[PDB]
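Descriptive analysis of the structure
Spelled out from the first residue to the last, the chains are:
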Amino acid sequence: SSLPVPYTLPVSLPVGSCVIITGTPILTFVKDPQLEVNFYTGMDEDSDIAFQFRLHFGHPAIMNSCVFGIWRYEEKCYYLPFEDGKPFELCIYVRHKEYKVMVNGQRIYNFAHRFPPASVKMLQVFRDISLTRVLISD
Amino acid sequence: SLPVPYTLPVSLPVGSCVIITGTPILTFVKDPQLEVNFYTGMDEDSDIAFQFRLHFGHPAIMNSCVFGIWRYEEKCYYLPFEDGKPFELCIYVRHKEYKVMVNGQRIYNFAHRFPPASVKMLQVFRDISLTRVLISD
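Residues numbered from 1 in each chain as written, not as in the entry; some residues may be left out. Chains lettered and ligands numbered in written order. Heavy atoms only, no water. Residues with missing side-chain atoms left out of burial classes, pairs and counts.

**Let's talk about the overall build of chain B**
What chain B contains, in helices and strands, is 0 helices and 12 strands. Beginning at the N terminus, the succession of helices and strands in chain B can be written as β-β-β-β-β-β-β-β-β-β-β-β. Its C-alpha atoms give chain B principal-axis dimensions of roughly 55 × 35 × 30 Å. The contacts of chain B with a sequence gap of at least 6 include a subset with a gap of at least 24, amounting to 64%. (Helix = DSSP H or I, 4+ residues; strand = E, 2+ residues; numbered from the N terminus. Contact = heavy atoms within 4.5 Å.)

Given below as structure tokens:
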């Protein structure tokens, strides 16, 4: 039913295209389960990354003390309410000057291009997910 | 709805529990959170023995890697549901630690950095409407 993880795919992502990534979080093996998506400008692991998207599936909780006006050593964890992950659709739409990032149809960010979109040659998707679909749409 | 910020003189001996209930407010700021401070005095310039900050959204972090060097991170929070479901935060005072529970789930044991007797004031604020604040034992 799925795709191997890590998943690597040569891609062309011109303006007007969209990367659609769907899957289910795996919340049972690591304390800070996350999704990582990389857009590489070449085919090697050596090459530059035009755009990395990392999404944490938990809620960060940060604890600390303030002594003599100075915050001290931070202690952090990720709160995971439900123990099954909510299936997600990540959509990265390529606009002329930005990537428009949507999670479950909700726009969360507009990331201004730091390389021309045509520089992207390869997509990588990995970490704490069961991968269902990866496609490039228009 | 209790006023926010909510500040309360408290005594938190071993065996007590701070119970805070409310519902997140997700519509005014991009990174809605809950902040709870245990102060060691009544002044706002008092020391904080324990702060608990919870982000109601999911952090998403974006960056580029150029010449092998990660560059400037851009961060945002994904806020699903519709609005946040109500929450219960329980901070149990044990002999050596606070046991932090969210919605009945123990998420963290924070070792005391001050004797719990040092705590004199509780403050609860940021992006919540507050329903109850009580100290039980």
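**Concerning the nonpolar core**
Counting 37 residues, the largest nonpolar core has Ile21, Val37, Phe39 and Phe53 of chain A as the members making the most contacts within it. Contact partners of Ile21 of chain A, with chain neighbours within four places excluded, come to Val37, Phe88, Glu89, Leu90, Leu123, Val125, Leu131, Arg133 and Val134 of chain A. Membership of the second largest hydrophobic core comes to 36 residues, among which are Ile20, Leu34, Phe38 and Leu54 of chain B. (Core = buried A, V, L, I, M, F, W, Y, C linked by side-chain atoms within 4.5 Å. Buried < 20%, exposed > 50% of the residue type's maximum accessible area, 1.4 Å probe, protein only.)

**A closer look at the interface of chain A and chain B**
Counting from both sides, the interface comprises 43 residues of chain A and, opposite them, 44 residues of chain B. Both faces combined, the contact of chain A with chain B buries some 3,600 Å², and carbon together with sulfur accounts for 54% of it. For chain A, the biggest contributors to the area lost against chain B are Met63, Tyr79 and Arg114 of chain A; these three give 19% of the whole. Joining chain A to chain B, the criterion identifies 3 salt bridges. In this structure, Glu73 of chain B engages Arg54 of chain A in a salt bridge whose closest nitrogen and oxygen atoms are separated by 3.8 Å. Viewed at the interface, chain B and chain A are joined by 24 residue pairs in polar contact. If you list the elements that add at least two residues to the side of chain A that touches chain B, you get β4 (49-56), β5 (59-67), β7 (75-79), β9 (98-103) and β10 (106-112) of chain A. When its residues are assigned to classes, the side of chain A that touches chain B shows 26 nonpolar, 10 polar and 7 charged. (Buried area = accessible area lost by both parts, 1.4 Å probe. Salt bridge = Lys/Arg side-chain N within 4 Å of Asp/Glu carboxyl O. Polar contact = N/O pair within 3.5 Å; in protein donor to acceptor, adjacent residues only side chain to side chain. Nonpolar A, V, L, I, M, F, W, Y, C, P; charged D, E, K, R; others polar.)

**Details of the sheet that holds strand β12 (residues 129-137) of chain A**
All names here are of chain A. The strand order across the open sheet built from 5 strands is β10-β9-β8-β2-β12, with neighbouring strands paired in antiparallel fashion. The sheet is open, and its two edges are formed by β10 and β12, each paired on a single side. Ignoring which end each strand starts from, the neighbouring axes of this sheet average 15 degrees apart. Pairing geometry for strand β2 (residues 18-25) and strand β8 (residues 88-94), over 6 bridges, is antiparallel. By the bridge assignment, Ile21 is partnered in β8 with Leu90. (Pairing = 2+ DSSP bridges. Axes fitted to C-alpha atoms, helices over the stretch in contact; angles between N-to-C directions.)

**A closer look at the packing of aromatic side chains**
Within this structure, the stated rule accounts for 10 aromatic pairs over all chains. When the centroid spacing of 5.0 Å and the interplanar angle of 40 degrees are considered together, the rings of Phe51 of chain A and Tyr99 of chain A count as tilted. Remark: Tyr99 of chain A occurs in strand β9 and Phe51 of chain A occurs in strand β4; sequence separation between them is 48 residues. With a centroid separation of 4.9 Å and 70 degrees between ring planes, the pair formed by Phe50 of chain B and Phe110 of chain B is classed as edge-to-face. Of this pair, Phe50 of chain B sits in strand β4 (residues 48-55) while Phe110 of chain B sits in strand β10 (residues 105-111), and the two are 60 residues apart along the sequence. Each residue in the set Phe39, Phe51, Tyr99 and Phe111 of chain A is aromatic and connected to the rest through ring pairs, giving one cluster. A cation sits over an aromatic face here: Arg114 of chain A above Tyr72 of chain B, 3.6 Å from the ring centre. (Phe/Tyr/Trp six-rings, centres within 6.5 Å; stacked < 30°, edge-to-face > 60°. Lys NZ or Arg CZ within 6 Å of the ring centre and 35° of its normal.)

**Some words on unusual backbone geometry**
Backbone torsion omega between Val5 of chain A and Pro6 of chain A reads 0 degrees, so that peptide bond is classified as cis. Relative to the helices and strands, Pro6 of chain A resides in the segment before β1 (7-10). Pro5 of chain B follows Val4 of chain B through a cis peptide bond whose omega is 0 degrees. Here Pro5 of chain B is to be found in the segment before β1 (6-9). Even without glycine at this site, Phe67 of chain B takes up a positive phi of about 55 degrees.

**Digging into the layout of surface pockets**
In this structure, the second largest pocket encloses a volume near 260 Å³. Contributing to the lining of the second largest pocket are 13 residues, with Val30, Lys31, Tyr78 and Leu80 of chain A together with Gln105 of chain B lying nearest its centre. Breaking the lining of the second largest pocket down by element, the ones donating at least two residues are β7 of chain A together with β10 of chain B. Considering every element that reaches the lining of the second largest pocket, the biggest residue donor is β7 of chain A, with 3 residues. For the lining of the second largest pocket, the class distribution of residues is 9 nonpolar, 2 polar and 2 charged. (1 Å grid on protein atoms, 1.4 Å probe; cavity = no way out; pocket = protein on both sides within 12 Å on 5 of 7 lines; lining within 4 Å. Points joined across faces, edges and corners; volume = space filled by probe spheres on them.)

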